[PDB]
């Protein structure tokens, strides 16, 4: 069997039909893929809707006896049941192009990808990464492409890549669980490819809670970030490349995650919890890596590593206001001292 399409469900009755219709409309043999649905203890009619496709799809259904607290555990249960040569993770409120499995099977057959990124499209307002999907590419790397800016699991992965290297989702975690999973898959794959010939993965914005907006404590969130830093630094790769991958991950994280601006947005009285958790993550990053990140991040790494919220916050407010304690302009960039007696940080733009 070529593919296992893995679908975690949770009270998905209002939309799960759109996904299952897109799976049944695949212009790809139904004998060559299976749909592995693991229901995270829904209380609605999700499962009765899924069972209407039993004779239409190669279908595997099971249900956890209690809600696991996120997508991770149902996808892990499904991954173990999966028999396809490759897996594709699709969320219950999304759907896929009818040529997706055909196009991906044809592309994998020629290029032997271990991880295949497939171009996504936002539906009614949903934002989706696009910077890595401007071109189809048989071979890309963590350092010569923007794949690190997309860590969602809505990609195709060789099943043996995941299982031979023991790559699973963290469980009982509302969100960011995918970042470690996909970074592990990136770090272990012999070849990563990008298929951009059409819109393959449609990501919707329905309502009710979306996981990636549910509460996760700073402690749980930044533990996944620390594990990622540990994972990179332990990969079987040359030392300089590992540092460079960690730096790129840090550029992404400080630009796009909840870390960005947290000292401006989080209630003052909650910020010591944030800097203690963020600092535990930055303390796993060797200081030599700071020289490789975007220069504007170097003071944030500095004060995070010292768990110094007052100076971290001064940096963020200085950026936001454009008011600095002292600074020089050298080569069109800023050399900034953010507070009396503190270091100057150079090259900021």
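Residue numbers count along the first chain shown, from 1.
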query	finding
Cross-entry absence of residue 208, a third or more of other PDB entries	yes
Stretch with the greater mean C-alpha B-factor as recorded in the entry, comparing 317 to 325 against 31 to 39	31 to 39
Mean C-alpha B-factor comparison - 225 to 233 and 83 to 91, higher one	83 to 91
Top Cα B factor in the deposited entry, candidates 175, 271, 152, 255	175
Out of 183, 161, 247, 123, highest CA B-factor residue	123
For residue 279, the third of its chain into which the C-alpha B factor falls	lowest
Residue 188 - which third its CA temperature factor falls in, relative to the rest of the chain	middle
Within-chain third of residue 119 by Cα B-factor, per the entry	middle
Residue 168 - which third its CA temperature factor falls in, relative to the rest of the chain	middle
Modelled-residue ranking by C-alpha temperature factor, third containing residue 238	middle
